[PDB]
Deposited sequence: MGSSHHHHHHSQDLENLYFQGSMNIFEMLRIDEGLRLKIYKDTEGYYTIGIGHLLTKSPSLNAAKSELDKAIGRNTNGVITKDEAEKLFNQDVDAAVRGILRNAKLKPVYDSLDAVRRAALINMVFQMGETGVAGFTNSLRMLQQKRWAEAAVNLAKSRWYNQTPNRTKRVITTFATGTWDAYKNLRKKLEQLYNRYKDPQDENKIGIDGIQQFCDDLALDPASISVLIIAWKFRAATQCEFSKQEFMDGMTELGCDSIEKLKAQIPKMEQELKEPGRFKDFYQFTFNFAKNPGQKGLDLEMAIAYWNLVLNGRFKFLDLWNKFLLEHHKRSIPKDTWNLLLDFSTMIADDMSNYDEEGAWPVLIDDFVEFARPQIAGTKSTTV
């Protein structure tokens, strides 16, 4: 019934694939801009603070125990229910039904895209552009839409949607996908089409004018939600560039300082910091190799952890996730003379020992 096989008669490009590019697709439960558990293409699961509650809602909707992770096809099924609801709303709207009824399937997808972005009232404000669309005055409709605040807010997305109205084709999405495929091919592993290998990661860094050991490279990995440091998949690359709204190295270069600025929010730095452990640790290995931990600590805690030099000296004379995570809490709370350290605070033994190690130096 919700089987995607029921849609095999349609085109392979569709509204799901359109919004995957324009809004983005997440296959793991995350919190939206508010606090709320969400998955797929913007599918709200619950307003409950409980992740188990979100997981329960998700399992009911998918029909299996997902533990908070779904496939792209499952995301499409969720999305199709959302689209059907949106379309019913459009058909209830006296300002939108006539133009929707008049449009071909591709242009309907562009209208639905608008409704997902700005809602019915937003789209219904475009009275003259909607009338031009209903009259099939495509070029005038496109000109008028480009004059709007919408165009200023999300120019890349808005241009693609307007092109879809102007042409009744998927050209804007085809062109973007090809542009990214051609860029990806500059970095892909000659021995594995779906990976960027050691030469490719080096080339990517070179093209960005970045040292592979710089914190900037780790920040990009974070934004690309890369799973692991010694692999870089096609899916990660494509999904990352798409999310960042970059179709070239020039554009990605321009985003990097904006990524760095994001880390000024303590919440975002904590996410980055915890990410780093997961990214750094060899898959399978139970904890993070001490030397690797030191290397990454020196990158991410320089200028945040007042005792980083002593921390190096201490460790030079395997790190579990809990210990890694808690060092940032320690760094943040500890006074410059360590006088506020609470040895009954259930810090890792490593940190208890460090505080003992470090007090000749503070004396």
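- Unmodelled regions (deposited sequence positions with no C-alpha coordinates, counted from 1) are 1-10, 328-331, 378-384.
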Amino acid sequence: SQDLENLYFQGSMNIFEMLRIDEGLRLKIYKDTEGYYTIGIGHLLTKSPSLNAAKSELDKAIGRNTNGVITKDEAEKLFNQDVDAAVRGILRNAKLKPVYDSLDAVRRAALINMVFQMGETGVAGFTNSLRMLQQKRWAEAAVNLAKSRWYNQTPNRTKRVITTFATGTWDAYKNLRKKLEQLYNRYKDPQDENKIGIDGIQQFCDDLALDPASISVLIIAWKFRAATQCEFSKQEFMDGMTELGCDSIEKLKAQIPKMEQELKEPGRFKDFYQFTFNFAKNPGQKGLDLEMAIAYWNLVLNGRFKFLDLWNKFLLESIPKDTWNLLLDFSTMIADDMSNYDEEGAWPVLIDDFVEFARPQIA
From here on, numbers count along this sequence of modelled residues.
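- Mean C-alpha B-factor is higher over 195-203 than over the other stretch, the pair under comparison being 79-87 and 195-203.
- Higher mean CA temperature factor between 106-114 and 223-231: 223-231, per the PDB entry.
- Each of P98, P155, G119, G267 has a CA temperature factor in the record; the biggest one is found at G267.
- Sort the chain's modelled residues by C-alpha temperature factor and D239 lands in the highest third, per the entry.
- Among the modelled residues of its chain, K147 has a C-alpha B-factor that falls in the highest third according to the deposited record.
- Sorting the modelled residues of the chain by their CA temperature factor places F9 in the middle third.
- For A346, the recorded CA temperature factor ranks within the highest third of the chain's modelled residues.
- Looking at the C-alpha B-factors along this chain, the one for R92 belongs to the middle third.
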